[PDB]
Each structure stands twice: as C-alpha cells, then as structure tokens.
file model.cif (mmCIF, N, CA and C atoms)
data_final
#
loop_
_atom_site.label_atom_id
_atom_site.label_comp_id
_atom_site.auth_asym_id
_atom_site.auth_seq_id
_atom_site.Cartn_x
_atom_site.Cartn_y
_atom_site.Cartn_z
N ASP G 1 -6.48 2.74 12.97
CA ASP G 1 -7.11 1.67 12.20
C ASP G 1 -6.05 0.80 11.52
N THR G 2 -6.49 -0.31 10.92
CA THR G 2 -5.61 -1.15 10.11
C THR G 2 -5.83 -0.83 8.64
N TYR G 3 -4.74 -0.53 7.94
CA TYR G 3 -4.74 -0.29 6.50
C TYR G 3 -4.08 -1.47 5.81
N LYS G 4 -4.50 -1.76 4.59
CA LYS G 4 -3.98 -2.89 3.82
C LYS G 4 -3.34 -2.36 2.54
N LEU G 5 -2.26 -3.00 2.10
CA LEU G 5 -1.66 -2.73 0.80
C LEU G 5 -1.65 -4.00 -0.03
N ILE G 6 -2.16 -3.91 -1.25
CA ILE G 6 -2.02 -4.96 -2.25
C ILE G 6 -0.96 -4.48 -3.23
N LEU G 7 0.16 -5.19 -3.27
CA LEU G 7 1.26 -4.85 -4.16
C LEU G 7 1.23 -5.80 -5.36
N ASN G 8 1.28 -5.24 -6.57
CA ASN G 8 1.31 -6.05 -7.78
C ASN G 8 2.57 -5.69 -8.57
N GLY G 9 3.58 -6.54 -8.47
CA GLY G 9 4.82 -6.29 -9.19
C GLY G 9 4.93 -7.08 -10.48
N UNK G 10 3.85 -7.77 -10.82
CA UNK G 10 3.80 -8.62 -12.01
C UNK G 10 3.79 -10.07 -11.50
N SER G 11 4.91 -10.78 -11.65
CA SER G 11 5.03 -12.14 -11.11
C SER G 11 4.99 -12.12 -9.58
N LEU G 12 5.45 -11.02 -8.97
CA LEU G 12 5.51 -10.90 -7.52
C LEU G 12 4.30 -10.11 -7.02
N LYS G 13 3.60 -10.65 -6.03
CA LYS G 13 2.45 -9.96 -5.46
C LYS G 13 2.56 -9.99 -3.94
N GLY G 14 2.26 -8.87 -3.29
CA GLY G 14 2.35 -8.78 -1.85
C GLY G 14 1.05 -8.31 -1.24
N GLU G 15 0.79 -8.77 -0.02
CA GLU G 15 -0.29 -8.21 0.78
C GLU G 15 0.27 -7.96 2.17
N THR G 16 0.24 -6.70 2.59
CA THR G 16 0.75 -6.36 3.91
C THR G 16 -0.25 -5.41 4.56
N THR G 17 -0.02 -5.13 5.84
CA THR G 17 -0.84 -4.18 6.57
C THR G 17 0.06 -3.30 7.41
N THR G 18 -0.52 -2.21 7.90
CA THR G 18 0.16 -1.36 8.86
C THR G 18 -0.90 -0.70 9.72
N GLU G 19 -0.59 -0.49 11.00
CA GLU G 19 -1.43 0.33 11.85
C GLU G 19 -0.92 1.75 11.73
N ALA G 20 -1.84 2.68 11.52
CA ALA G 20 -1.52 4.08 11.35
C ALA G 20 -2.66 4.90 11.92
N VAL G 21 -2.35 6.12 12.34
CA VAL G 21 -3.38 6.99 12.87
C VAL G 21 -4.25 7.57 11.75
N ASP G 22 -3.77 7.55 10.52
CA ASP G 22 -4.57 8.07 9.41
C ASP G 22 -4.04 7.50 8.11
N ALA G 23 -4.79 7.76 7.03
CA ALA G 23 -4.45 7.16 5.75
C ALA G 23 -3.16 7.73 5.19
N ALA G 24 -2.90 9.02 5.44
CA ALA G 24 -1.68 9.63 4.92
C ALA G 24 -0.44 8.99 5.50
N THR G 25 -0.47 8.65 6.78
CA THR G 25 0.67 7.99 7.40
C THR G 25 0.84 6.58 6.88
N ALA G 26 -0.26 5.82 6.76
CA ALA G 26 -0.20 4.49 6.16
C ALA G 26 0.38 4.55 4.76
N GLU G 27 -0.05 5.54 3.97
CA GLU G 27 0.42 5.68 2.61
C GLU G 27 1.94 5.83 2.56
N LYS G 28 2.50 6.67 3.43
CA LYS G 28 3.94 6.87 3.38
C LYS G 28 4.68 5.59 3.73
N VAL G 29 4.23 4.89 4.76
CA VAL G 29 4.85 3.62 5.13
C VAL G 29 4.74 2.63 3.98
N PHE G 30 3.57 2.57 3.33
CA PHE G 30 3.37 1.66 2.20
C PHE G 30 4.22 2.05 0.99
N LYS G 31 4.44 3.35 0.77
CA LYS G 31 5.30 3.78 -0.32
C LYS G 31 6.71 3.25 -0.16
N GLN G 32 7.21 3.25 1.07
CA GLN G 32 8.57 2.80 1.31
C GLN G 32 8.66 1.28 1.23
N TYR G 33 7.62 0.57 1.69
CA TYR G 33 7.52 -0.87 1.46
C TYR G 33 7.59 -1.20 -0.03
N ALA G 34 6.84 -0.46 -0.86
CA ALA G 34 6.80 -0.75 -2.29
C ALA G 34 8.17 -0.55 -2.94
N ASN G 35 8.81 0.58 -2.67
CA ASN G 35 10.07 0.84 -3.36
C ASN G 35 11.22 -0.01 -2.80
N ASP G 36 11.13 -0.43 -1.54
CA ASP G 36 12.11 -1.39 -1.02
C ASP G 36 12.08 -2.70 -1.77
N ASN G 37 10.96 -3.03 -2.41
CA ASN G 37 10.82 -4.26 -3.18
C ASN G 37 10.82 -3.99 -4.68
N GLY G 38 11.32 -2.82 -5.08
CA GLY G 38 11.49 -2.52 -6.49
C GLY G 38 10.20 -2.34 -7.24
N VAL G 39 9.13 -1.97 -6.55
CA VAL G 39 7.83 -1.73 -7.18
C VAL G 39 7.54 -0.24 -7.11
N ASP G 40 7.64 0.41 -8.26
CA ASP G 40 7.23 1.80 -8.46
C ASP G 40 6.14 1.80 -9.52
N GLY G 41 5.04 2.49 -9.24
CA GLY G 41 3.99 2.51 -10.23
C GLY G 41 2.72 3.24 -9.85
N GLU G 42 1.58 2.65 -10.23
CA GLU G 42 0.28 3.29 -10.13
C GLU G 42 -0.38 2.97 -8.79
N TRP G 43 -0.83 3.99 -8.07
CA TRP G 43 -1.41 3.84 -6.74
C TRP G 43 -2.91 4.11 -6.75
N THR G 44 -3.65 3.37 -5.94
CA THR G 44 -5.05 3.65 -5.69
C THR G 44 -5.30 3.59 -4.18
N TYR G 45 -6.39 4.22 -3.74
CA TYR G 45 -6.81 4.11 -2.34
C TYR G 45 -8.33 4.05 -2.26
N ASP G 46 -8.83 3.13 -1.45
CA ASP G 46 -10.27 2.94 -1.20
C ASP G 46 -10.52 3.22 0.27
N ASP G 47 -11.09 4.38 0.61
CA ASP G 47 -11.27 4.67 2.03
C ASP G 47 -12.34 3.80 2.68
N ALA G 48 -13.26 3.25 1.88
CA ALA G 48 -14.32 2.40 2.43
C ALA G 48 -13.77 1.10 3.01
N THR G 49 -12.65 0.60 2.47
CA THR G 49 -12.02 -0.61 2.98
C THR G 49 -10.61 -0.38 3.49
N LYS G 50 -10.16 0.87 3.58
CA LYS G 50 -8.80 1.21 4.03
C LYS G 50 -7.75 0.40 3.27
N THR G 51 -7.92 0.32 1.95
CA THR G 51 -7.08 -0.52 1.12
C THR G 51 -6.39 0.29 0.03
N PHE G 52 -5.06 0.28 0.05
CA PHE G 52 -4.24 0.79 -1.04
C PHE G 52 -3.89 -0.34 -2.00
N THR G 53 -3.71 0.01 -3.27
CA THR G 53 -3.00 -0.87 -4.19
C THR G 53 -1.88 -0.11 -4.88
N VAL G 54 -0.79 -0.81 -5.18
CA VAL G 54 0.28 -0.27 -6.01
C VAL G 54 0.60 -1.30 -7.08
N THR G 55 0.69 -0.84 -8.33
CA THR G 55 0.85 -1.76 -9.45
C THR G 55 2.01 -1.28 -10.31
N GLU G 56 2.95 -2.18 -10.58
CA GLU G 56 4.10 -1.85 -11.41
C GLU G 56 3.65 -1.30 -12.76
#
call {"tool": "encode", "arguments": {"input": "model.cif", "output": "structure tokens"}}
result
Amino acid sequence: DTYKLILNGXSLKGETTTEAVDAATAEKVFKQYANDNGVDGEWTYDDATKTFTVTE
C-alpha cells in the first residue's frame, strides 16, 4: 500500500509517501526521513488512512 507522512518541524513542514508491505516498514523509513531533516518528536499513526504524523 501507499503510506503518507506529515512532518511538522515548526516553520518547516513536509508531506512524503513511501510504498511498503506493511505499516511497520513504512514507519522505519519515515523515521529516518524525519531525523535526516532534524525532526525528532511526537509520532502518530492512523491505520484508516495509512497516515503517520511526526511533530517536533
């Protein structure tokens, strides 16, 4: 499936996607996307829309 990440770094906001076989794999890829851009913080996941958020 396609998973989405909404990144909120404050002034900087990102929206990306990844194809993954499951949510756990998408999550790991999204975790590395977030920290590559200096965003470490609070995570949420909505399985109904396959949408993660990470907020500084």
call {"tool": "resolve_selection", "arguments": {"input": "model.cif", "expression": "the PyMOL selection byres ((chain G and resi 50) around 6.5)", "output": "CSV table (one decimal) with N, CA and C atoms, in the coordinates of the input"}}
result
chain,number,residue,atom,x,y,z
G,2,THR,N,-6.5,-0.3,10.9
G,2,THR,CA,-5.6,-1.2,10.1
G,2,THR,C,-5.8,-0.8,8.6
G,3,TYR,N,-4.7,-0.5,7.9
G,3,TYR,CA,-4.7,-0.3,6.5
G,3,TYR,C,-4.1,-1.5,5.8
G,4,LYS,N,-4.5,-1.8,4.6
G,4,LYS,CA,-4.0,-2.9,3.8
G,4,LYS,C,-3.3,-2.4,2.5
G,46,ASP,N,-8.8,3.1,-1.4
G,46,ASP,CA,-10.3,2.9,-1.2
G,46,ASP,C,-10.5,3.2,0.3
G,47,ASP,N,-11.1,4.4,0.6
G,47,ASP,CA,-11.3,4.7,2.0
G,47,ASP,C,-12.3,3.8,2.7
G,48,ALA,N,-13.3,3.2,1.9
G,48,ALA,CA,-14.3,2.4,2.4
G,48,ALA,C,-13.8,1.1,3.0
G,49,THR,N,-12.6,0.6,2.5
G,49,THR,CA,-12.0,-0.6,3.0
G,49,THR,C,-10.6,-0.4,3.5
G,51,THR,N,-7.9,0.3,2.0
G,51,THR,CA,-7.1,-0.5,1.1
G,51,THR,C,-6.4,0.3,0.0
G,52,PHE,N,-5.1,0.3,0.0
G,52,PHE,CA,-4.2,0.8,-1.0
G,52,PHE,C,-3.9,-0.3,-2.0
call {"tool": "select_by_dssp", "arguments": {"input": "model.cif", "residues": "chain G", "states": "strand (DSSP E)", "output": "list in words"}}
result
residues 2, 3, 4, 5, 6, 7, 8, 13, 14, 15, 16, 17, 18, 19, 42, 43, 44, 45, 46, 51, 52, 53, 54 and 55 of chain G
call {"tool": "write_last_selection", "arguments": {"input": "model.cif", "atoms": "N, CA and C atoms", "output": "CSV table (one decimal), in the coordinates of the input"}}
result
chain,number,residue,atom,x,y,z
G,2,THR,N,-6.5,-0.3,10.9
G,2,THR,CA,-5.6,-1.2,10.1
G,2,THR,C,-5.8,-0.8,8.6
G,3,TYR,N,-4.7,-0.5,7.9
G,3,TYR,CA,-4.7,-0.3,6.5
G,3,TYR,C,-4.1,-1.5,5.8
G,4,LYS,N,-4.5,-1.8,4.6
G,4,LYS,CA,-4.0,-2.9,3.8
G,4,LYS,C,-3.3,-2.4,2.5
G,5,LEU,N,-2.3,-3.0,2.1
G,5,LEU,CA,-1.7,-2.7,0.8
G,5,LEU,C,-1.6,-4.0,0.0
G,6,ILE,N,-2.2,-3.9,-1.2
G,6,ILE,CA,-2.0,-5.0,-2.2
G,6,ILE,C,-1.0,-4.5,-3.2
G,7,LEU,N,0.2,-5.2,-3.3
G,7,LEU,CA,1.3,-4.8,-4.2
G,7,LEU,C,1.2,-5.8,-5.4
G,8,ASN,N,1.3,-5.2,-6.6
G,8,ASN,CA,1.3,-6.0,-7.8
G,8,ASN,C,2.6,-5.7,-8.6
G,13,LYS,N,3.6,-10.6,-6.0
G,13,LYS,CA,2.4,-10.0,-5.5
G,13,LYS,C,2.6,-10.0,-3.9
G,14,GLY,N,2.3,-8.9,-3.3
G,14,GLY,CA,2.4,-8.8,-1.8
G,14,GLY,C,1.0,-8.3,-1.2
G,15,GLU,N,0.8,-8.8,0.0
G,15,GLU,CA,-0.3,-8.2,0.8
G,15,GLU,C,0.3,-8.0,2.2
G,16,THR,N,0.2,-6.7,2.6
G,16,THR,CA,0.8,-6.4,3.9
G,16,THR,C,-0.2,-5.4,4.6
G,17,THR,N,0.0,-5.1,5.8
G,17,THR,CA,-0.8,-4.2,6.6
G,17,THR,C,0.1,-3.3,7.4
G,18,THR,N,-0.5,-2.2,7.9
G,18,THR,CA,0.2,-1.4,8.9
G,18,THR,C,-0.9,-0.7,9.7
G,19,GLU,N,-0.6,-0.5,11.0
G,19,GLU,CA,-1.4,0.3,11.8
G,19,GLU,C,-0.9,1.8,11.7
G,42,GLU,N,1.6,2.6,-10.2
G,42,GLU,CA,0.3,3.3,-10.1
G,42,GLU,C,-0.4,3.0,-8.8
G,43,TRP,N,-0.8,4.0,-8.1
G,43,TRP,CA,-1.4,3.8,-6.7
G,43,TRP,C,-2.9,4.1,-6.8
G,44,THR,N,-3.6,3.4,-5.9
G,44,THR,CA,-5.0,3.6,-5.7
G,44,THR,C,-5.3,3.6,-4.2
G,45,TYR,N,-6.4,4.2,-3.7
G,45,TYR,CA,-6.8,4.1,-2.3
G,45,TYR,C,-8.3,4.0,-2.3
G,46,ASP,N,-8.8,3.1,-1.4
G,46,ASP,CA,-10.3,2.9,-1.2
G,46,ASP,C,-10.5,3.2,0.3
G,51,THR,N,-7.9,0.3,2.0
G,51,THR,CA,-7.1,-0.5,1.1
G,51,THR,C,-6.4,0.3,0.0
G,52,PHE,N,-5.1,0.3,0.0
G,52,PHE,CA,-4.2,0.8,-1.0
G,52,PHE,C,-3.9,-0.3,-2.0
G,53,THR,N,-3.7,0.0,-3.3
G,53,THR,CA,-3.0,-0.9,-4.2
G,53,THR,C,-1.9,-0.1,-4.9
G,54,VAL,N,-0.8,-0.8,-5.2
G,54,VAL,CA,0.3,-0.3,-6.0
G,54,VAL,C,0.6,-1.3,-7.1
G,55,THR,N,0.7,-0.8,-8.3
G,55,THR,CA,0.8,-1.8,-9.4
G,55,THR,C,2.0,-1.3,-10.3
call {"tool": "axis_aligned_box", "arguments": {"input": "model.cif", "around": "stretch 19-26 of chain G", "padding_each_side": "8 Å", "output": "JSON"}}
result
{"center_x": -2.0, "center_y": 4.6, "center_z": 8.8, "size_x": 21.6, "size_y": 26.1, "size_z": 24.1}
call {"tool": "closest_residue", "arguments": {"input": "model.cif", "among": "G:30, G:5, G:36, G:42", "to": "residue G:17", "atoms": "all atoms listed in the file"}}
result
G:5
call {"tool": "residues_around", "arguments": {"input": "model.cif", "residues": "residue G:56", "least_positions_apart": "3", "cutoff": "8 Å", "atoms": "only N, CA and C atoms", "output": "NGL selection string"}}
result
:G and (7-10 or 38-43 or 53)
call {"tool": "closest_residue", "arguments": {"input": "model.cif", "among": "G:54, G:20, G:12, G:1", "to": "residue G:34", "atoms": "all atoms listed in the file"}}
result
G:54
call {"tool": "select_by_dssp", "arguments": {"input": "model.cif", "residues": "chain G", "states": "alpha helix (DSSP H)", "output": "list in words"}}
result
residues 23, 24, 25, 26, 27, 28, 29, 30, 31, 32, 33, 34, 35 and 36 of chain G
call {"tool": "atom_distance", "arguments": {"input": "model.cif", "atom1": "atom CA of residue G:13", "atom2": "atom C of residue G:25"}}
result
20.7 Å
